Amino acid sequence: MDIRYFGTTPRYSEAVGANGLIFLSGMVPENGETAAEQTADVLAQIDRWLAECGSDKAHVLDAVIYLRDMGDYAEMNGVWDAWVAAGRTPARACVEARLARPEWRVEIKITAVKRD
Amino acid sequence: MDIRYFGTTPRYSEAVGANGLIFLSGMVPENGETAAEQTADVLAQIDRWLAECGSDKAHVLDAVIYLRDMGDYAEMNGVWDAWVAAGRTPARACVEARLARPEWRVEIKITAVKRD
Amino acid sequence: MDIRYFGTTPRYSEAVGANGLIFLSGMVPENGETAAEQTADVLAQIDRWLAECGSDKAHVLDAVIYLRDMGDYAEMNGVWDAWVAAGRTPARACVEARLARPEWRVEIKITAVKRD
């Protein structure tokens, strides 16, 4: 059960891997203003970090999606639905929770697996 | 690290399994109005999905319980306590977060394991 | 995929283990009033349960931190930062959600691995 740390800071690591499993930090918007824009940005970050860890979006197991405002549900979904891999959509939960900054509309927390 | 998908939709799968591990989507109420009724319904869904993936409630590792309103803590607990397998109770966390529909008072997110 | 249960009660287990993975229940404050005091207490409980399970803070994969009030973010961080294992910081998510009692300012949910 060797642990690998990716993108380590004094506070957290962007991803942590162990025995084929990959746990991503909550990805948080770096660009965009609207729910649509920020969801695309968050998912683009997930894409990079998965690639870093030897994974991709078609190997995601689990996604918890935190929305600041549940009124943004359909907009977030439109972007999510277009990003997800057909036939390989992950387990998902979406709940409403305020994030570390007021301007952040969406945060997504991913669990994935490496390719064999 | 082969991935199995169960009850796959264009948006999510109801369950994803990898290397003996099982991740359920957040289960949301399909019947009932009060927290007690909706908790029962959610836990029955969990039973059926765990059965599908070759698991059961005695093999649940982890459960995150989201309540729309923390005022329903005790009422939810009454159904939860009666449901869990004695001596094989999982790790648990319960926090307050609004869900995708305003009528949903509870949502439960399960991690479990395949029987050998 | 044999399951080990630690600190089992009728409602939940403080920790459960399977295939070298460890899932802790949400740890909530037992002592302290301020966000700083409560965080240190929660992290001290996490230290104790990890040790029970053959693990420690340098083998934590994932941490979800729920704050009652996101106004407590920097104060929580101060304690968290001084607690983590340098170079071995885990995946992290922090999100605002009310907890089971109103005096509780912070709850932390840990996923970890056994040492070899």
Side-chain angles (χ1 to χ4, degrees), chain B residues 1 17-23 35 39 43 50 53-99 106-116, chain C residues 1-29 42 45-46 49-50 52-53 55 60-70 93-114:
Chain B
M1 292 301 270
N19 197 29
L21 283 169
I22 302 164
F23 291 82
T39 304
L43 293 173
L50 287 172
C53 312
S55 188
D56 52 61
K57 66 193 183 176
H59 291 74
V60 175
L61 302 176
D62 194 61
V64 182
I65 302 165
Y66 308 97
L67 290 173
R68 151 168 280 248
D69 191 318
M70 193 56 71
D72 293 335
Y73 191 55
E75 192 179 332
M76 182 275 296
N77 284 333
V79 184
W80 172 272
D81 291 4
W83 175 79
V84 284
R88 296 188 65 103
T89 57
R92 200 184 93 154
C94 176
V95 313
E96 195 193 71
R98 302 211 214 215
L99 316 165
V106 58
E107 173 168 352
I108 305 186
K109 206 203 157 215
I110 292 281
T111 304
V113 91
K114 265 254 230 172
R115 280 182 315 268
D116 288 337
Chain C
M1 292 313 247
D2 283 351
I3 313 170
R4 294 169 71 183
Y5 300 92
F6 300 82
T8 298
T9 84
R11 186 166 298 169
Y12 66 88
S13 293
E14 301 280 10
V16 334
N19 197 40
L21 278 188
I22 294 155
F23 292 79
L24 304 193
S25 274
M27 298 292 157
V28 292
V42 164
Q45 291 176 68
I46 290 166
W49 289 108
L50 291 174
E52 267 274 296
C53 296
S55 194
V60 173
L61 303 172
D62 191 52
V64 178
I65 305 168
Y66 306 96
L67 294 175
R68 176 179 183 79
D69 188 333
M70 192 58 68
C94 182
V95 117
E96 197 194 78
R98 301 181 118 111
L99 313 172
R101 293 210 262 276
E103 329 92 51
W104 296 350
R105 307 209 65 80
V106 63
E107 178 163 359
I108 299 182
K109 178 192 153 47
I110 294 286
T111 305
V113 64
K114 280 188 73 190

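Scope of the values below: all heavy atoms of this structure, side chains included, with no hydrogens, waters or symmetry mates. Here is the naming used below: chain letters follow the sequence lines, and residue numbers restart at 1 for every chain.
With a threshold of 4.5 angstrom between heavy atoms, C/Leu24 approaches chain B through N, CA, C or O but not through any side-chain atom. Only the backbone of B/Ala58 comes within less than 4.5 Å of a heavy atom in chain C; its side chain stays farther off. For chain C, no part of B/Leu67 is nearby; none of its heavy atoms comes within less than 4.5 Å.
When all heavy atoms of B/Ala63 and B/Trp80 are compared, the pair lying nearest together is CB-CH2, 3.6 Å.
Side chain of B/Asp69 to main chain of B/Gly71: a donor-acceptor pair is present (N/O by atom type, distance under 3.5 Å, no hydrogens or angles). At distances below 3.5 Å, at least one donor-acceptor pair connects side-chain atoms of C/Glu96 with backbone N or O atoms of C/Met70. Between the side chain of C/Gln45 and the main chain of C/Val28, a donor-acceptor pair closer than 3.5 Å is present.
Counting heavy-atom pairs under 4.5 Å between each of B/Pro90, B/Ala86, B/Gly20 and chain C puts B/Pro90 at the top. Heavy-atom pairs under 4.5 Å with chain C were tallied for B/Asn77, B/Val84, B/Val64, B/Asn19; the largest tally goes to B/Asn77. Most heavy-atom pairs under 4.5 Å with chain B, from the set C/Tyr5, C/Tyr12, C/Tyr66: that is C/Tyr5.
Crowding of C/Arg98 atom CZ: a count of heavy atoms from other residues, nucleotides or ligands under 6.0 Å not exceeding 12.
Under the 4.5 Å side-chain criterion, counting only non-hydrogen atoms from C-beta, C/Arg4 is not in contact with C/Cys53. Residues B/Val95 and C/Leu99 meet the side-chain proximity criterion, which asks for heavy atoms closer than 4.5 Å. Using a 4.5 Å cut-off on side-chain heavy atoms (C-beta onward), B/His59 and B/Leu50 make no contact.
For residues 109-116 of chain B, heavy-atom neighbours of chain C at less than 4.5 Å comprise B/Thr111, B/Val113, B/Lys114, B/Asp116, sorted by residue number.
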message = Test side-chain hydrogen bond (donor to acceptor under 3.5 Å, both in side chains) on B/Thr89 and C/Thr8; report intermediate values, then the result.
response = CA-CA 7 Å; B/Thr89 57; C/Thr8 298; 4.6 Å; no
